[PDB]
Amino acid sequence: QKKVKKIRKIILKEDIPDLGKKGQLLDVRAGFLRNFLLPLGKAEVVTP
Amino acid sequence: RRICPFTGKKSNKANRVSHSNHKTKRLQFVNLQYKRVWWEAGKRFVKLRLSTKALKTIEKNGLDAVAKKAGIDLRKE
RNA sequence: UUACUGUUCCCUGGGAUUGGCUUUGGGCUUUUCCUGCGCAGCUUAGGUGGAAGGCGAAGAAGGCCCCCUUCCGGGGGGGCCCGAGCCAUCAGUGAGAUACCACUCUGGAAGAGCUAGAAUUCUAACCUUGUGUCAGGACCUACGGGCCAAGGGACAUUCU
RNA sequence: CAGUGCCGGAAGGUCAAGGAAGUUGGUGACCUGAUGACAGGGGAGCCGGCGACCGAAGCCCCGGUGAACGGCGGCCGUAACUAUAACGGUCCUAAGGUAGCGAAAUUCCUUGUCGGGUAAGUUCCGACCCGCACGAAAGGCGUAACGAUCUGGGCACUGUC
RNA sequence: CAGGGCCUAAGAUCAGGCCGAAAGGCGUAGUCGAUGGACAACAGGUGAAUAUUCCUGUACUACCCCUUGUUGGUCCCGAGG
RNA sequence: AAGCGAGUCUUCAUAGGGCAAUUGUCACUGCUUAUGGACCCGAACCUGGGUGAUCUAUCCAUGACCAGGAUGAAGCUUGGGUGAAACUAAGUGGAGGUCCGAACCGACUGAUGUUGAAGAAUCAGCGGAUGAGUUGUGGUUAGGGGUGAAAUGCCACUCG
RNA sequence: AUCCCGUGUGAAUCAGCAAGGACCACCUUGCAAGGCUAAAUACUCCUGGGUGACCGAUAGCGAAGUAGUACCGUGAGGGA
RNA sequence: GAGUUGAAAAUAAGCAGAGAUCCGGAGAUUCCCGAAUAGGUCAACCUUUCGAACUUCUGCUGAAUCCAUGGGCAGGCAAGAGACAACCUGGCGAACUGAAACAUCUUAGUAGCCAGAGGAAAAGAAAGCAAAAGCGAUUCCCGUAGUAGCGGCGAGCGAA
Ligand SMILES: [Mg+2]
Ligand SMILES: [Mg+2]
Ligand SMILES: [Mg+2]
Ligand SMILES: [Mg+2]
Ligand SMILES: [Mg+2]
Ligand SMILES: [Mg+2]
Ligand SMILES: [Mg+2]
Ligand SMILES: [Mg+2]
Ligand SMILES: [Mg+2]
Ligand SMILES: [Mg+2]
Ligand SMILES: [Mg+2]
Ligand SMILES: [Mg+2]
Ligand SMILES: [Mg+2]
Ligand SMILES: [Mg+2]
Ligand SMILES: [Mg+2]
Ligand SMILES: [Mg+2]
Ligand SMILES: [Mg+2]
Ligand SMILES: [Mg+2]
Ligand SMILES: [Mg+2]
Ligand SMILES: [Mg+2]
Ligand SMILES: [Mg+2]
Ligand SMILES: [Mg+2]
Ligand SMILES: [Mg+2]
Ligand SMILES: [Mg+2]
Ligand SMILES: [Mg+2]
Ligand SMILES: [Mg+2]
Ligand SMILES: [Mg+2]
Ligand SMILES: [Mg+2]
Ligand SMILES: [Mg+2]
Ligand SMILES: [Mg+2]
Ligand SMILES: [Mg+2]
Ligand SMILES: [Mg+2]
Ligand SMILES: [Mg+2]
Ligand SMILES: [Mg+2]
Ligand SMILES: [Mg+2]
Ligand SMILES: [Mg+2]
Ligand SMILES: [Mg+2]
Ligand SMILES: [Mg+2]
Ligand SMILES: [Mg+2]
Ligand SMILES: [Mg+2]
Ligand SMILES: [Mg+2]
Ligand SMILES: [Mg+2]
Ligand SMILES: [Mg+2]
Ligand SMILES: [Mg+2]
Ligand SMILES: [Mg+2]
Ligand SMILES: [Mg+2]
Ligand SMILES: [Mg+2]
Ligand SMILES: [Mg+2]
Ligand SMILES: [Mg+2]
Ligand SMILES: [Mg+2]
Ligand SMILES: [Mg+2]
Ligand SMILES: [Mg+2]
Ligand SMILES: [Mg+2]
Ligand SMILES: [Mg+2]
Ligand SMILES: [Mg+2]
Ligand SMILES: [Mg+2]
Ligand SMILES: [Mg+2]
Ligand SMILES: [Mg+2]
Ligand SMILES: [Mg+2]
Ligand SMILES: [Mg+2]
Ligand SMILES: [Mg+2]
Ligand SMILES: [Mg+2]
Ligand SMILES: [Mg+2]
Ligand SMILES: [Mg+2]
Ligand SMILES: [Mg+2]
Ligand SMILES: [Mg+2]
Ligand SMILES: [Mg+2]
Ligand SMILES: [Mg+2]
Ligand SMILES: [Mg+2]
Ligand SMILES: [Mg+2]
Ligand SMILES: [Mg+2]
Ligand SMILES: [Mg+2]
Ligand SMILES: [Mg+2]
Ligand SMILES: [Mg+2]
Ligand SMILES: [Mg+2]
Ligand SMILES: [Mg+2]
Ligand SMILES: [Mg+2]
Ligand SMILES: [Mg+2]
Ligand SMILES: [Mg+2]
Ligand SMILES: [Mg+2]
Ligand SMILES: [Mg+2]
Ligand SMILES: [Mg+2]
Ligand SMILES: [Mg+2]
Ligand SMILES: [Mg+2]
Ligand SMILES: [Mg+2]
Ligand SMILES: [Mg+2]
Ligand SMILES: [Mg+2]
Ligand SMILES: [Mg+2]
Ligand SMILES: [Mg+2]
Ligand SMILES: [Mg+2]
Ligand SMILES: [Mg+2]
Ligand SMILES: [Mg+2]
Ligand SMILES: [Mg+2]
Ligand SMILES: [Mg+2]
Ligand SMILES: [Mg+2]
Ligand SMILES: [Mg+2]
Ligand SMILES: [Mg+2]
Ligand SMILES: [Mg+2]
Ligand SMILES: [Mg+2]
Ligand SMILES: [Mg+2]
Ligand SMILES: [Mg+2]
Ligand SMILES: [Mg+2]
Ligand SMILES: [Mg+2]
């Protein structure tokens, strides 16, 4: 139907460009999260 | 086959219908992708054909839940 | 076959697979500022309310000039010079003072915001190669497997 | 280069799914009406219709392209005698059949007319052009060699007669 | 002598592999597949019905057997043919 | 139709009009009707699933074959041409989808045959015969197909 | 409406959720997204009994004898 | 309980009242092909180092790669595989026909094919009916009923 921007809320475990310092809270697109951050150990998807 | 292992999706049997009401056999297919998925508990990727719904579900429940319900060992994959 | 109804190849848009940074830009804004020739006239009467108080040395009236809008009638406004005034029922006018202040409308501006569209990159999805390189008792210049690299790249492919 | 096809073009019109400002309806916590066996308005929610504007290709639009599909006309009048028409007028088209050939595997009327071959020729050869209805890569016109090809004549030869 | 116990061509099947409503389709190593490559026998005789097959002569391949001579050979692989 | 009910619908009006104010049933036998193959025999066809390339149509692999005779291209060597080259007899050479002609492949005319000797032949003649040739063995392509030097031909005496 | 599937979005837990033929209110009924279960019912390549207003060699099974045989077809198949 | 060595005589020999031939239960053997399964093949054969191939099972072993996966070796009377008339369940799924043509509709989710399992299968323990009164998993028959409905409101289809 209408494209709905997917929003994954995450914590950064290392510092990455444009994102920020280690141990940081953010919200991201699903593609960015699962295809880039997550395989490289860089981020962690959070649902407490 | 055009089948997702994980959700067991099948191609669906459907009539294409014209403005004239004239019916025709047709196939709607599962949306299948050749994807690599990260497996954290294996520290490694797995090549799979997946439905997109399956990809979703893997985001939601984590890969291992899904593969355990579908009974498919990530090792033999 | 330019009969009818369709199907298919194929082309093109939405959705999905599908991401990052940057630009440029169409339509809405968030403070806030620009802007109005019924006639009776101090005169290009903004509607509605608080309404005898405001604007000044964190420096006005008044003349010297820069800019922009323009119905060249005049309006906002930067610099400087200037130094104690522009003021209200003061009478007109359906509606009041450019003393001031709130949500705002006619269109303009600006930094900020939503959504496209568009163009440009980037690399990790995805695609394509490899007599590149490992590999089991031994091979895989036998298809293929893992790793690495190379070229593309969010296009394309596949699905709806 | 009008029609059709094909290619290229991007300014305007048209243009689906889908978005979408916004209106609109049903219900209804409730609020009032009413000498009839009831009725009228209505918040939130839920549900439904409509929907300005955004919305690609294609089409309409502009240009090219015949060894792409195909197409290549009428009517008049005129010259030392009959005649004919080089030359003019007009009409209509995208444009009006050039070179070469022509009674042809094409010619209706038709055994056209003329010449030749025969004692005698509806066939044959050459030429005229009045091409019903030739014509240029669905090629036009030539052409040595070739053909169990089609067609006319001649010598030899024969019971074909 | 002719095929098989040898080798491969066209082609066929095809472990794993890729794809596909099912059946299956494609395809790698492998394995099949002669109409080809490789490989050693002729004359005479007999003869109701067989003969390069049985008889008599000379042959020829492949193994095994002994003597002698050496110590590594065998396959996998590199090559010539 | 709510509904009324020996009445009711239409109506301002019973004013008129419409329809109503009553009726057995269960079998068996027959005749007909309907539904199934439906009185019987008779198509061309249509679709589904298999079976076929021992014939023929293309090809693939690997083999084999084509008596005999002619003709005489290039080339080459010689020898006159000029400094180079051209031009010309000569010899040699042995090309050709060359020629004549058996095998072999065809099938042009005629006669015979027509309940044939034969579901395409015999007889006399005829075309090709070193090639775009002939053929053997083993394979390939399969019917919404295949193959086609194209006839709608061929795909087991069957092929719009 | 109820039911079940492709593509995309995507809830609520009993103060709920679903159904009552678009939809809303009220009331009634029910508890989806985990499984498994006998009988009553269908059938005859057959087995054992039984009956027949069934046939009696052109009938009854194609087949009362080599019967899926002989024969025909490359084959599927036909078939006395 | 007396004769016997199939149809099936004849011949030849046996076996037999310490019980033959015969009938029933349980075992044994079961060449070659066939799922075919040591490898091959043109079924009923060949070659073999004599082997239930492959997939599951148990153990040992342990690639690229640490855990693993794959592979290798061994054990094992070893689970499966194939066959099967109709019925059944799932999957694919027509066309002639009817409609006096035909396209929606009908034929019909029928035939056919494929896969699967059983003596039956499937369904099945209310997120169900119903209607203000009540029922109490599924299946099957009678009836409701050719009713309500569906329908180029046609042919027809047809509940609860
Ligand atoms: Mg999304
Ligand atoms: Mg698309
Ligand atoms: Mg996208
Ligand atoms: Mg790269
Ligand atoms: Mg490799
Ligand atoms: Mg590699
Ligand atoms: Mg790049
Ligand atoms: Mg894309
Ligand atoms: Mg034109
Ligand atoms: Mg044109
Ligand atoms: Mg043009
Ligand atoms: Mg165009
Ligand atoms: Mg457009
Ligand atoms: Mg719209
Ligand atoms: Mg709206
Ligand atoms: Mg309303
Ligand atoms: Mg009310
Ligand atoms: Mg209301
Ligand atoms: Mg638009
Ligand atoms: Mg031309
Ligand atoms: Mg004439
Ligand atoms: Mg004539
Ligand atoms: Mg004459
Ligand atoms: Mg004559
Ligand atoms: Mg002539
Ligand atoms: Mg003509
Ligand atoms: Mg013409
Ligand atoms: Mg012509
Ligand atoms: Mg001509
Ligand atoms: Mg032409
Ligand atoms: Mg020609
Ligand atoms: Mg000539
Ligand atoms: Mg010829
Ligand atoms: Mg081969
Ligand atoms: Mg195969
Ligand atoms: Mg396999
Ligand atoms: Mg192979
Ligand atoms: Mg062999
Ligand atoms: Mg041989
Ligand atoms: Mg030998
Ligand atoms: Mg030999
Ligand atoms: Mg003999
Ligand atoms: Mg001899
Ligand atoms: Mg001797
Ligand atoms: Mg020897
Ligand atoms: Mg070698
Ligand atoms: Mg009356
Ligand atoms: Mg019939
Ligand atoms: Mg037809
Ligand atoms: Mg068929
Ligand atoms: Mg076949
Ligand atoms: Mg064959
Ligand atoms: Mg053949
Ligand atoms: Mg032949
Ligand atoms: Mg050959
Ligand atoms: Mg010979
Ligand atoms: Mg010769
Ligand atoms: Mg010669
Ligand atoms: Mg010749
Ligand atoms: Mg010749
Ligand atoms: Mg011929
Ligand atoms: Mg002859
Ligand atoms: Mg001859
Ligand atoms: Mg000849
Ligand atoms: Mg030659
Ligand atoms: Mg041919
Ligand atoms: Mg024809
Ligand atoms: Mg036949
Ligand atoms: Mg034939
Ligand atoms: Mg024919
Ligand atoms: Mg329900
Ligand atoms: Mg119901
Ligand atoms: Mg479904
Ligand atoms: Mg969903
Ligand atoms: Mg919840
Ligand atoms: Mg619902
Ligand atoms: Mg309920
Ligand atoms: Mg529950
Ligand atoms: Mg449900
Ligand atoms: Mg349950
Ligand atoms: Mg069950
Ligand atoms: Mg008889
Ligand atoms: Mg009989
Ligand atoms: Mg009798
Ligand atoms: Mg036995
Ligand atoms: Mg034996
Ligand atoms: Mg075997
Ligand atoms: Mg076998
Ligand atoms: Mg170990
Ligand atoms: Mg390891
Ligand atoms: Mg293992
Ligand atoms: Mg084992
Ligand atoms: Mg089985
Ligand atoms: Mg089976
Ligand atoms: Mg069984
Ligand atoms: Mg029909
Ligand atoms: Mg029909
Ligand atoms: Mg009909
Ligand atoms: Mg009819
Ligand atoms: Mg039972
Ligand atoms: Mg059951
Ligand atoms: Mg119970
Ligand atoms: Mg329960």
# chains A, B, ... in the order shown; residues from 1 in each chain; ligands from 1
>>> residues_near_ligand(ligand="ligand 91", cutoff="12 Å", atoms="only C-alpha atoms (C1' of nucleotides) and all ligand atoms", output="VMD selection string")
(chain B and resid 75 to 76) or (chain H and resid 60 to 63 68 to 72)
>>> write_last_selection(atoms="N, CA and C atoms (P, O5', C5', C4', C3', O3' and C1' of nucleotides)", output="PDB file, in the first residue's frame")
ATOM      1  N   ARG B  75      23.092 -25.961  10.460  1.00  0.00           N
ATOM      2  CA  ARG B  75      24.367 -26.575  10.138  1.00  0.00           C
ATOM      3  C   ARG B  75      24.336 -27.238   8.764  1.00  0.00           C
ATOM      4  N   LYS B  76      23.268 -27.988   8.505  1.00  0.00           N
ATOM      5  CA  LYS B  76      23.088 -28.692   7.237  1.00  0.00           C
ATOM      6  C   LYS B  76      22.660 -27.740   6.130  1.00  0.00           C
TER       7      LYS B  76
ATOM      8  P     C H  60      32.125 -43.440  19.859  1.00  0.00           P
ATOM      9  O5'   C H  60      33.324 -43.750  18.858  1.00  0.00           O
ATOM     10  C5'   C H  60      34.215 -44.822  19.120  1.00  0.00           C
ATOM     11  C4'   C H  60      35.087 -45.136  17.930  1.00  0.00           C
ATOM     12  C3'   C H  60      35.887 -43.985  17.345  1.00  0.00           C
ATOM     13  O3'   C H  60      37.015 -43.589  18.107  1.00  0.00           O
ATOM     14  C1'   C H  60      34.890 -45.180  15.591  1.00  0.00           C
ATOM     15  P     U H  61      37.353 -42.020  18.261  1.00  0.00           P
ATOM     16  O5'   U H  61      37.700 -41.546  16.775  1.00  0.00           O
ATOM     17  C5'   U H  61      38.752 -42.165  16.047  1.00  0.00           C
ATOM     18  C4'   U H  61      38.677 -41.900  14.558  1.00  0.00           C
ATOM     19  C3'   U H  61      38.925 -40.475  14.108  1.00  0.00           C
ATOM     20  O3'   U H  61      40.299 -40.139  14.133  1.00  0.00           O
ATOM     21  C1'   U H  61      37.123 -41.400  12.879  1.00  0.00           C
ATOM     22  P     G H  62      40.804 -38.848  14.938  1.00  0.00           P
ATOM     23  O5'   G H  62      41.503 -37.965  13.808  1.00  0.00           O
ATOM     24  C5'   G H  62      41.056 -36.649  13.517  1.00  0.00           C
ATOM     25  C4'   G H  62      40.083 -36.628  12.362  1.00  0.00           C
ATOM     26  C3'   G H  62      39.530 -35.256  12.001  1.00  0.00           C
ATOM     27  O3'   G H  62      40.388 -34.594  11.085  1.00  0.00           O
ATOM     28  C1'   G H  62      37.755 -36.846  12.163  1.00  0.00           C
ATOM     29  P     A H  63      40.166 -33.053  10.703  1.00  0.00           P
ATOM     30  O5'   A H  63      39.183 -33.103   9.450  1.00  0.00           O
ATOM     31  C5'   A H  63      38.613 -31.912   8.929  1.00  0.00           C
ATOM     32  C4'   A H  63      39.144 -31.592   7.556  1.00  0.00           C
ATOM     33  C3'   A H  63      39.265 -30.113   7.226  1.00  0.00           C
ATOM     34  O3'   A H  63      40.483 -29.560   7.706  1.00  0.00           O
ATOM     35  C1'   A H  63      38.189 -31.244   5.450  1.00  0.00           C
ATOM     36  P     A H  68      32.363 -30.251  17.822  1.00  0.00           P
ATOM     37  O5'   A H  68      31.892 -29.850  16.351  1.00  0.00           O
ATOM     38  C5'   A H  68      30.721 -30.404  15.768  1.00  0.00           C
ATOM     39  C4'   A H  68      30.000 -29.386  14.915  1.00  0.00           C
ATOM     40  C3'   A H  68      29.550 -29.862  13.545  1.00  0.00           C
ATOM     41  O3'   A H  68      28.347 -30.608  13.586  1.00  0.00           O
ATOM     42  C1'   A H  68      30.579 -27.738  13.347  1.00  0.00           C
ATOM     43  P     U H  69      28.232 -31.993  12.780  1.00  0.00           P
ATOM     44  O5'   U H  69      28.173 -31.548  11.248  1.00  0.00           O
ATOM     45  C5'   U H  69      27.057 -30.835  10.734  1.00  0.00           C
ATOM     46  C4'   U H  69      27.323 -30.308   9.345  1.00  0.00           C
ATOM     47  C3'   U H  69      27.675 -31.350   8.298  1.00  0.00           C
ATOM     48  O3'   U H  69      26.532 -31.980   7.750  1.00  0.00           O
ATOM     49  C1'   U H  69      29.207 -29.550   8.164  1.00  0.00           C
ATOM     50  P     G H  70      26.580 -33.534   7.349  1.00  0.00           P
ATOM     51  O5'   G H  70      27.724 -33.621   6.229  1.00  0.00           O
ATOM     52  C5'   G H  70      27.512 -33.126   4.908  1.00  0.00           C
ATOM     53  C4'   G H  70      28.787 -33.070   4.090  1.00  0.00           C
ATOM     54  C3'   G H  70      29.457 -34.400   3.767  1.00  0.00           C
ATOM     55  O3'   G H  70      28.841 -35.108   2.699  1.00  0.00           O
ATOM     56  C1'   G H  70      31.092 -32.860   4.496  1.00  0.00           C
ATOM     57  P     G H  71      28.703 -36.715   2.760  1.00  0.00           P
ATOM     58  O5'   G H  71      30.209 -37.234   2.802  1.00  0.00           O
ATOM     59  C5'   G H  71      31.066 -37.073   1.682  1.00  0.00           C
ATOM     60  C4'   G H  71      32.515 -37.305   2.042  1.00  0.00           C
ATOM     61  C3'   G H  71      32.892 -38.700   2.507  1.00  0.00           C
ATOM     62  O3'   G H  71      32.970 -39.653   1.455  1.00  0.00           O
ATOM     63  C1'   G H  71      33.923 -37.105   3.907  1.00  0.00           C
ATOM     64  P     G H  72      32.419 -41.156   1.666  1.00  0.00           P
ATOM     65  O5'   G H  72      33.567 -41.866   2.511  1.00  0.00           O
ATOM     66  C5'   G H  72      34.896 -41.889   2.016  1.00  0.00           C
ATOM     67  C4'   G H  72      35.893 -42.215   3.096  1.00  0.00           C
ATOM     68  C3'   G H  72      35.661 -43.502   3.867  1.00  0.00           C
ATOM     69  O3'   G H  72      36.008 -44.675   3.145  1.00  0.00           O
ATOM     70  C1'   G H  72      36.167 -41.789   5.388  1.00  0.00           C
TER      71        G H  72
END
>>> residues_near_ligand(ligand="ligand 98", cutoff="12 Å", atoms="only C-alpha atoms (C1' of nucleotides) and all ligand atoms", output="PyMOL selection string")
chain H and resi 96-102+106-107+155
>>> write_last_selection(atoms="N, CA, C and O atoms (P, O5', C5', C4', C3', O3' and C1' of nucleotides)", output="PDB file, in the first residue's frame")
ATOM      1  P     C H  96     -15.892 -27.574 -26.107  1.00  0.00           P
ATOM      2  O5'   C H  96     -16.716 -28.820 -26.637  1.00  0.00           O
ATOM      3  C5'   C H  96     -16.603 -29.236 -27.984  1.00  0.00           C
ATOM      4  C4'   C H  96     -16.945 -30.692 -28.140  1.00  0.00           C
ATOM      5  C3'   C H  96     -18.414 -31.056 -28.100  1.00  0.00           C
ATOM      6  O3'   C H  96     -19.088 -30.780 -29.316  1.00  0.00           O
ATOM      7  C1'   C H  96     -17.186 -32.573 -26.782  1.00  0.00           C
ATOM      8  P     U H  97     -20.287 -29.709 -29.360  1.00  0.00           P
ATOM      9  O5'   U H  97     -21.260 -30.188 -28.194  1.00  0.00           O
ATOM     10  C5'   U H  97     -21.833 -31.488 -28.216  1.00  0.00           C
ATOM     11  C4'   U H  97     -22.504 -31.834 -26.908  1.00  0.00           C
ATOM     12  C3'   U H  97     -23.638 -30.918 -26.476  1.00  0.00           C
ATOM     13  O3'   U H  97     -24.860 -31.252 -27.110  1.00  0.00           O
ATOM     14  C1'   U H  97     -22.207 -31.371 -24.634  1.00  0.00           C
ATOM     15  P     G H  98     -25.828 -30.110 -27.703  1.00  0.00           P
ATOM     16  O5'   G H  98     -26.506 -29.472 -26.402  1.00  0.00           O
ATOM     17  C5'   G H  98     -27.186 -30.276 -25.440  1.00  0.00           C
ATOM     18  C4'   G H  98     -27.594 -29.453 -24.244  1.00  0.00           C
ATOM     19  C3'   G H  98     -28.043 -28.035 -24.547  1.00  0.00           C
ATOM     20  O3'   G H  98     -29.383 -27.960 -25.013  1.00  0.00           O
ATOM     21  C1'   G H  98     -26.544 -28.010 -22.715  1.00  0.00           C
ATOM     22  P     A H  99     -29.748 -27.047 -26.291  1.00  0.00           P
ATOM     23  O5'   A H  99     -29.893 -25.587 -25.683  1.00  0.00           O
ATOM     24  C5'   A H  99     -30.458 -25.388 -24.403  1.00  0.00           C
ATOM     25  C4'   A H  99     -29.935 -24.129 -23.786  1.00  0.00           C
ATOM     26  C3'   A H  99     -29.932 -22.920 -24.687  1.00  0.00           C
ATOM     27  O3'   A H  99     -31.212 -22.340 -24.750  1.00  0.00           O
ATOM     28  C1'   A H  99     -27.894 -23.055 -23.504  1.00  0.00           C
ATOM     29  P     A H 100     -31.511 -21.085 -25.698  1.00  0.00           P
ATOM     30  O5'   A H 100     -31.053 -21.543 -27.146  1.00  0.00           O
ATOM     31  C5'   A H 100     -31.935 -22.292 -27.981  1.00  0.00           C
ATOM     32  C4'   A H 100     -31.296 -23.591 -28.371  1.00  0.00           C
ATOM     33  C3'   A H 100     -30.284 -23.515 -29.516  1.00  0.00           C
ATOM     34  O3'   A H 100     -29.074 -24.176 -29.164  1.00  0.00           O
ATOM     35  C1'   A H 100     -31.868 -25.239 -29.878  1.00  0.00           C
ATOM     36  P     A H 101     -27.737 -23.320 -28.903  1.00  0.00           P
ATOM     37  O5'   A H 101     -27.403 -22.663 -30.311  1.00  0.00           O
ATOM     38  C5'   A H 101     -26.646 -23.353 -31.291  1.00  0.00           C
ATOM     39  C4'   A H 101     -25.687 -22.431 -32.001  1.00  0.00           C
ATOM     40  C3'   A H 101     -24.525 -21.923 -31.169  1.00  0.00           C
ATOM     41  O3'   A H 101     -23.466 -22.857 -31.111  1.00  0.00           O
ATOM     42  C1'   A H 101     -25.528 -20.113 -32.286  1.00  0.00           C
ATOM     43  P     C H 102     -22.879 -23.324 -29.696  1.00  0.00           P
ATOM     44  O5'   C H 102     -22.172 -22.007 -29.161  1.00  0.00           O
ATOM     45  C5'   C H 102     -21.104 -21.408 -29.879  1.00  0.00           C
ATOM     46  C4'   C H 102     -20.765 -20.050 -29.320  1.00  0.00           C
ATOM     47  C3'   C H 102     -20.434 -20.019 -27.839  1.00  0.00           C
ATOM     48  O3'   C H 102     -19.067 -20.279 -27.598  1.00  0.00           O
ATOM     49  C1'   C H 102     -22.035 -18.349 -28.330  1.00  0.00           C
ATOM     50  P     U H 106     -21.238 -22.976 -13.793  1.00  0.00           P
ATOM     51  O5'   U H 106     -21.937 -23.971 -14.825  1.00  0.00           O
ATOM     52  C5'   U H 106     -23.265 -24.421 -14.609  1.00  0.00           C
ATOM     53  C4'   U H 106     -23.787 -25.243 -15.764  1.00  0.00           C
ATOM     54  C3'   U H 106     -23.152 -26.607 -15.963  1.00  0.00           C
ATOM     55  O3'   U H 106     -23.679 -27.578 -15.082  1.00  0.00           O
ATOM     56  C1'   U H 106     -23.333 -25.515 -18.046  1.00  0.00           C
ATOM     57  P     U H 107     -22.681 -28.465 -14.198  1.00  0.00           P
ATOM     58  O5'   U H 107     -22.179 -29.589 -15.200  1.00  0.00           O
ATOM     59  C5'   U H 107     -23.099 -30.356 -15.964  1.00  0.00           C
ATOM     60  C4'   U H 107     -22.427 -30.912 -17.188  1.00  0.00           C
ATOM     61  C3'   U H 107     -21.160 -31.697 -16.921  1.00  0.00           C
ATOM     62  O3'   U H 107     -21.442 -33.047 -16.616  1.00  0.00           O
ATOM     63  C1'   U H 107     -20.835 -30.180 -18.723  1.00  0.00           C
ATOM     64  P     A H 155     -34.801 -20.792 -18.698  1.00  0.00           P
ATOM     65  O5'   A H 155     -33.526 -21.621 -19.180  1.00  0.00           O
ATOM     66  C5'   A H 155     -33.492 -22.256 -20.449  1.00  0.00           C
ATOM     67  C4'   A H 155     -32.253 -23.098 -20.595  1.00  0.00           C
ATOM     68  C3'   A H 155     -32.049 -24.139 -19.518  1.00  0.00           C
ATOM     69  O3'   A H 155     -32.755 -25.332 -19.781  1.00  0.00           O
ATOM     70  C1'   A H 155     -30.073 -22.886 -19.761  1.00  0.00           C
TER      71        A H 155
END
>>> residues_around(residues="region 47-62 of chain C", least_positions_apart="5", cutoff="12 Å", atoms="only C-alpha atoms (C1' of nucleotides)", output="ChimeraX atom specification")
/C:36,81-89,95-105
>>> residues_near_ligand(ligand="ligand 36", cutoff="9 Å", atoms="only C-alpha atoms (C1' of nucleotides) and all ligand atoms", output="NGL selection string")
:E and (14-17)
>>> write_last_selection(atoms="N, CA and C atoms (P, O5', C5', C4', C3', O3' and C1' of nucleotides)", output="PDB file, in the first residue's frame")
ATOM      1  P     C E  14      18.746 -40.592 -15.183  1.00  0.00           P
ATOM      2  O5'   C E  14      20.067 -40.070 -14.459  1.00  0.00           O
ATOM      3  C5'   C E  14      20.653 -40.881 -13.459  1.00  0.00           C
ATOM      4  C4'   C E  14      22.109 -40.592 -13.198  1.00  0.00           C
ATOM      5  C3'   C E  14      22.449 -39.333 -12.445  1.00  0.00           C
ATOM      6  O3'   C E  14      22.045 -39.404 -11.088  1.00  0.00           O
ATOM      7  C1'   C E  14      24.080 -39.761 -14.098  1.00  0.00           C
ATOM      8  P     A E  15      22.106 -38.123 -10.113  1.00  0.00           P
ATOM      9  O5'   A E  15      23.045 -38.656  -8.944  1.00  0.00           O
ATOM     10  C5'   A E  15      23.177 -40.056  -8.731  1.00  0.00           C
ATOM     11  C4'   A E  15      24.113 -40.364  -7.591  1.00  0.00           C
ATOM     12  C3'   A E  15      24.155 -39.329  -6.480  1.00  0.00           C
ATOM     13  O3'   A E  15      23.100 -39.529  -5.548  1.00  0.00           O
ATOM     14  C1'   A E  15      26.362 -39.937  -7.104  1.00  0.00           C
ATOM     15  P     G E  16      22.010 -38.383  -5.258  1.00  0.00           P
ATOM     16  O5'   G E  16      22.695 -37.522  -4.106  1.00  0.00           O
ATOM     17  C5'   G E  16      23.137 -36.197  -4.359  1.00  0.00           C
ATOM     18  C4'   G E  16      24.533 -35.941  -3.837  1.00  0.00           C
ATOM     19  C3'   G E  16      24.919 -34.469  -3.736  1.00  0.00           C
ATOM     20  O3'   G E  16      24.421 -33.813  -2.581  1.00  0.00           O
ATOM     21  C1'   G E  16      26.589 -35.584  -4.937  1.00  0.00           C
ATOM     22  P     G E  17      23.232 -32.732  -2.723  1.00  0.00           P
ATOM     23  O5'   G E  17      23.677 -31.802  -3.942  1.00  0.00           O
ATOM     24  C5'   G E  17      24.631 -30.765  -3.759  1.00  0.00           C
ATOM     25  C4'   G E  17      24.874 -29.978  -5.024  1.00  0.00           C
ATOM     26  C3'   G E  17      23.715 -29.149  -5.558  1.00  0.00           C
ATOM     27  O3'   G E  17      23.482 -27.938  -4.836  1.00  0.00           O
ATOM     28  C1'   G E  17      24.723 -30.312  -7.345  1.00  0.00           C
TER      29        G E  17
END
>>> interface_residues(of="chain B", to="chain E", cutoff="9 Å", atoms="only C-alpha atoms (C1' of nucleotides)", output="ChimeraX atom specification")
/B:1-2,11
>>> write_last_selection(atoms="N, CA, C and O atoms", output="PDB file, in the first residue's frame")
ATOM      1  N   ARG B   1      11.690 -26.321  -5.314  1.00  0.00           N
ATOM      2  CA  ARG B   1      10.301 -25.968  -5.594  1.00  0.00           C
ATOM      3  C   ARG B   1      10.080 -24.537  -5.206  1.00  0.00           C
ATOM      4  O   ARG B   1      10.824 -24.009  -4.383  1.00  0.00           O
ATOM      5  N   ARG B   2       9.019 -23.919  -5.704  1.00  0.00           N
ATOM      6  CA  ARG B   2       8.757 -22.606  -5.193  1.00  0.00           C
ATOM      7  C   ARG B   2       7.993 -22.858  -3.923  1.00  0.00           C
ATOM      8  O   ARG B   2       6.760 -22.924  -3.909  1.00  0.00           O
ATOM      9  N   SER B  11       2.761 -21.521  -3.831  1.00  0.00           N
ATOM     10  CA  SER B  11       2.147 -20.750  -4.889  1.00  0.00           C
ATOM     11  C   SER B  11       0.645 -20.999  -4.829  1.00  0.00           C
ATOM     12  O   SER B  11       0.207 -22.111  -4.536  1.00  0.00           O
TER      13      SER B  11
END
